[PDB]
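Here the structure is laid out as structure tokens; the discussion comes afterwards.
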Amino acid sequence: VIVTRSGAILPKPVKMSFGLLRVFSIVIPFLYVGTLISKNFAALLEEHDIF
Amino acid sequence: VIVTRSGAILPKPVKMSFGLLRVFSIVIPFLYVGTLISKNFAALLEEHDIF
Amino acid sequence: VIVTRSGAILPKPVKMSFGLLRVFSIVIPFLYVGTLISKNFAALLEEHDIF
Amino acid sequence: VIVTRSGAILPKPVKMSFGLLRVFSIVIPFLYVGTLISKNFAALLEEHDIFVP
Amino acid sequence: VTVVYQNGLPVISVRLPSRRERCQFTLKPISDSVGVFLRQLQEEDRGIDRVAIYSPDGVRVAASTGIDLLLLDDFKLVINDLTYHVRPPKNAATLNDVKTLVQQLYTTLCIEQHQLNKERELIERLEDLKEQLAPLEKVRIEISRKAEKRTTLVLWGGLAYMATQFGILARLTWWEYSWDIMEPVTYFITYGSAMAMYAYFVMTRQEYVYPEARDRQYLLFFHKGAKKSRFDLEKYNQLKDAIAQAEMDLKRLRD
Amino acid sequence: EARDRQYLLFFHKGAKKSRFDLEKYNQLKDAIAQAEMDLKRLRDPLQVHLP
Amino acid sequence: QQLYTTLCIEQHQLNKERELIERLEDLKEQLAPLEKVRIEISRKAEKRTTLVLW
Amino acid sequence: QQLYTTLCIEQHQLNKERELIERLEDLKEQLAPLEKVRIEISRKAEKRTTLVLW
Amino acid sequence: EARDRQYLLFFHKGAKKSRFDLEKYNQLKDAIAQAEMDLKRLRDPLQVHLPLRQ
Amino acid sequence: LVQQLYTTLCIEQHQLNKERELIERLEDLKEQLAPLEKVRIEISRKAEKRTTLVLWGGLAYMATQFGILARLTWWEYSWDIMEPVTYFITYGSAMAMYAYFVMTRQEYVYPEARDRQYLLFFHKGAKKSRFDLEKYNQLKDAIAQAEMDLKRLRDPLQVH
């Protein structure tokens, strides 16, 4: 769908500002909190459990 | 897709009545029988079969 | 999408006549080919050359 | 959507100049870099201490 | 020489005397005329002696006739000596056209009142069908529900399956068996679906997508459900066309 | 799609909250794109309605 | 032709059209209040759906 | 009005018809230079974007 | 789809770099089709003498 | 006057004659179509057999590739021997299922693939029979449009 029916060229697609950065600000600081709440969980499960 | 071509706003999309429970109370009791069907099966195999 | 925009109910869509038994009769034999060609290839593989 | 609504037949679709024997010779070179930059990189962790096997 | 108005504009590549220059001549259909066209011609070379255009009868065409009117027919373009017979590729008011006009008048006298009759007739034909349809619609409501339930209790019966599998592969992976002797047979499952899912597409030519594959089973559950109960379907929807066909017209008659 | 079916559910909820009648705006917006279309249909540069 | 100008039709046609404009300009007025409160929500209720999206 | 609308239209059409058929032509002609400098941008951006697709 | 959105970016970044106008090109290309479609409307009252659709 | 003008000019006779001409011209368009119709509607059948085969032929592959990796995995090798292949085959598919998008330029989806195939088995599969598709599509446009005028004419609201 490059060009509309009239043959006109569609407008510039709207990229998001700081795209790669606006997303790293939430995946990166959450990979780590997704990291620790596992480690802190293993040491919460280290006790009487199934290993 | 969210607004009609005339510019109007689409109607309130439907949510079934407490359907979250309707599915939640239909996965578990059949998640639980999947256990049971296997257990009795996991015993039938020692009557005439593997491991 | 069960109804036309007019209100007519769509015609009874086509169920391929015994197509259920068509696939049921092609997924079996070509599988048995894949069956017999599985063993009898690696056999003719490990004998003449490497495992 | 083989035919248009009028009843005519849609035109012939356009393949790209024997593309099969063109793509098939762009994957393999960039596939051979795979079996190259893998072996090379694996041995590159031997001389260092990050990964022993 | 040549003539091509297929790209939207006539182009006339012509061979000039004492020249291999088969030079192109693009030119608008109406906004240009043989005058400035020939001006455009005689300026770029010296084929000047006869910058002329003879109608097939040798009649020299006007110096300002319409380009389109020229190429509307054969003629004999000519240069200082030689001619290029061109066969180009393919409005007066008449008594026949005037009758149409008298009609458009007459219909403009009648349509004033004729609509008020059609409207006060359409409503009734609409109204007559509405009552003609009400009993049909009543049963249609129920059989659809008899199909609605029959299918909306397949979706759960489709879901609870996905539980009783995820419930039968827990016990066979953690409680009883390994995960090294299970991982295979739980891969063929994923490859059983991703092939049976496909084989369904061969069976109906309707790609397996949850919305569609629900309805394509809803209809089957309706017709089979309706065809059994002897409730007509053709005549019902037949009315549903007219009761909409008769509707759109009255909507179209808000003038 | 699934974003939108959520989006509207945020809308009609919030529309109820800020209390402003949605159907009115919905209704009113219809006539605009209809009355206007009627005008664009009246200034039709092929018919003769406005000299 | 006489009937067309004996009673200034094109004066009435242009009136009819002008009556249409004001009606459009009557609704487009009533929209301006409802627009803001909807531009507000359709921002707020959108500011949530971009959060949950994240 | 609707009556006179008939007498004037059939002439008004042809007048309008043989008018559009040139301003269309006028535009389409005015386009011919402007599209080439465009049709290269495509065959440039296309080549630049049929690269990444590989 | 994702190809075309990428194409568009390469296009505008290619055009805006080449300084070639686009805001007129499409507007031109609009004026053609809009005018062109009207020719298709006049086909009914002229060649067929059937009332004009709108 | 116009009413006197109406009757005195046999207008209704002309009005009928107007439509009567059109409906006749439609029949002509129908007549030119009937000969070249059957050759296409056959070529469709032939180009349909060849494309309802690929569908089946496509399935047989996805039913023997499972048949191969069945015996290899379970009782000719170990699952831990076959597995690092049967991930590649998966990724092998999701590579071709992208290669197809590079060649064709439309996303590989079973219907649209079957469409483009039956289409391609037609054009190639028709030129060999040489039935001049260019006549068909062009003519089918007119007969559609030409007919659509008759409806536009016989409209029950417009007095004709």
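Would segment J:18-40 turn up any residue that is within 30 Å of E:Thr186 (Cβ to Cβ) and surrounded by 13 or more Cβ atoms within 10 Å (Cβ to Cβ)? Scanning segment J:18-40 turns up no residue that is within 30 Å of E:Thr186 (Cβ to Cβ) and surrounded by 13 or more Cβ atoms within 10 Å (Cβ to Cβ). None of A:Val1, A:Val23, A:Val14 is of a type in the set (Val, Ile, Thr) and assigned to a helix (DSSP H, G or I) except A:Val23. Within segment F:14-33, which residues are at the interface with another protein chain (Cβ under 7 Å from one of its Cβ atoms), farther than 19 Å from G:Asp26 by Cβ and assigned to a helix (DSSP H, G or I)? Those that are at the interface with another protein chain (Cβ under 7 Å from one of its Cβ atoms), farther than 19 Å from G:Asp26 by Cβ and assigned to a helix (DSSP H, G or I): F:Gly14, F:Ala15, F:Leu22. Is one or more of the residues making up segment J:11-31 assigned to a helix (DSSP H, G or I), under 29 Å from the mean Cα position of the chain (by Cα) and within 30 Å of C:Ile26 (Cα to Cα)? Within segment J:11-31 (the criterion being assigned to a helix (DSSP H, G or I), under 29 Å from the mean Cα position of the chain (by Cα) and within 30 Å of C:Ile26 (Cα to Cα)), the answer is no, since none of the residues qualifies. Take the conditions (1) in contact with a helix residue (DSSP H, G or I) (Cβ under 7 Å, 6 or more places away or on another chain); (2) within 13 Å of chain B (Cβ to nearest Cβ); (3) of a type in the set (A, V, I, L, M); E:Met203 misses just one of them, which is (2). Sub-9 Å Cβ pairs linking a first residue in segment G:34-54 that is part of a helix (DSSP H, G or I) to a second residue that is exposed (fewer than 10 other Cβ atoms within 10 Å of the Cβ), at least 6 apart or interchain, are G:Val37/F:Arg19, ordered by first then second residue. A residue that is over 24 Å from E:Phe222 (Cβ atoms) and either in contact with a helix residue (DSSP H, G or I) (Cβ under 6 Å, 6 or more places away or on another chain) or among the acidic types (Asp, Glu) (or both) can be found somewhere in segment E:145-163.
Being at the interface with another protein chain (Cβ under 9 Å from one of its Cβ atoms) and closer than 22 Å to E:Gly167 by Cβ holds for only one residue in B:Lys15, B:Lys39, and it is B:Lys39. Could you look through segment E:147-198, keep only residues that are of a type in the set (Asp, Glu) and surrounded by 13 or more Cβ atoms within 10 Å (Cβ to Cβ), and pick out the one that is farthest from the other protein chains (Cβ to nearest Cβ)? Once the filter is applied, the top-ranked residue is E:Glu148.
Yes/no matrix, rows are residues, columns are (1) away from chain E (no Cβ under 14 Å); (2) loosely packed, with under 10 Cβ neighbours inside 10 Å; (3) within 23 Å of the chain's Cα centre (by Cα):
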position	(1), (2), (3)
B:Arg5	yes, yes, no
B:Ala8	yes, no, no
B:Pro29	no, no, yes
B:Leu44	no, no, no
B:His48	yes, yes, no
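Cβ separations smaller than 6 Å between residues 6+ apart or across chains give the following pairs from segment I:27-40 residues that are surrounded by 15 or more Cβ atoms within 10 Å (Cβ to Cβ) to residues that are outside any helix (DSSP H, G or I): I:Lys29/A:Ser6; I:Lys29/A:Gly7; I:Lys29/A:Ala8; I:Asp30/A:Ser6; I:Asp30/A:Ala8; I:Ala33/A:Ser6. Quick one: which of J:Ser78, J:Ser93 is more than 8 Å from every other protein chain (Cβ to nearest Cβ), closer than 25 Å to E:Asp180 by Cα, under 28 Å from the mean Cα position of the chain (by Cα) and not β-branched (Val, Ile, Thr)? Criteria check complete, one pass: J:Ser93.
The requirement of being part of a helix (DSSP H, G or I), of a type in the set (D, E, K, R), more than 14 Å from chain B (Cβ to nearest Cβ) and surrounded by fewer than 13 Cβ atoms within 10 Å (Cβ to Cβ) is satisfied by E:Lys235.
Read-outs: derived from the displayed coordinates by stated rules, not from any lab. We place every Cβ from the backbone using ideal geometry, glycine too, and count neighbours over all the protein chains shown.
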